[PDB]
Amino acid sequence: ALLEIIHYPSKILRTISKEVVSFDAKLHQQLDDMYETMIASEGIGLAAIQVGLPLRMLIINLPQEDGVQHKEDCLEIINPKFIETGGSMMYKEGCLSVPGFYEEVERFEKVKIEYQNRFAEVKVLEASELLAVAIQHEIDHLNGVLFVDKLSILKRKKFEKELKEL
């Protein structure tokens, strides 16, 4: 089923999500509704609070060569934790909770994370480029952080302008 996506400046997006403790059928349906909702709004990443669920879980499905998304590659990360981070780069980002606005944000260019899949299985994942960015972006949601929060002083004004523009 489709879920309503929460948009800035909703204070719900400032929520600190909680660890998932029960990996049951209820949790799996939520993840399924999140995937259906993400694809429907044509997103590549989605965190639980973006649909009102204060749980520390998020999904990521980057499009491949053909430029299309294949559910086969969808990542479901729960209770993520950074093991290591390195480098720095500027990446223009977007967000389903902040539709119509895109801006460069500084991110680690490489990250290694630890999490669990929907079956509570522990996983370790190293990532760079787009995948590393999506991971950092989505995890920020779990801590109530939006990418517009990380904008430089100048690009911050650009947001307020384009915001009053809509």
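Residues carry their position along the shown sequence, with the first being 1.
- Between 67 to 75 and 80 to 88, the higher mean Cα B-factor belongs to 67 to 75.
- Looking at mean Cα B-factors across 154 to 162 and 141 to 149, the upper value is held by 154 to 162.
- Highest C-alpha temperature factor among 108, 115, 101, 35, as the PDB entry reports it: 101.
- Of all the options 55, 62, 46, 135, the entry's greatest CA B-factor is assigned to 62.
- Looking at the C-alpha B-factors along this chain, the one for residue 18 belongs to the middle third.
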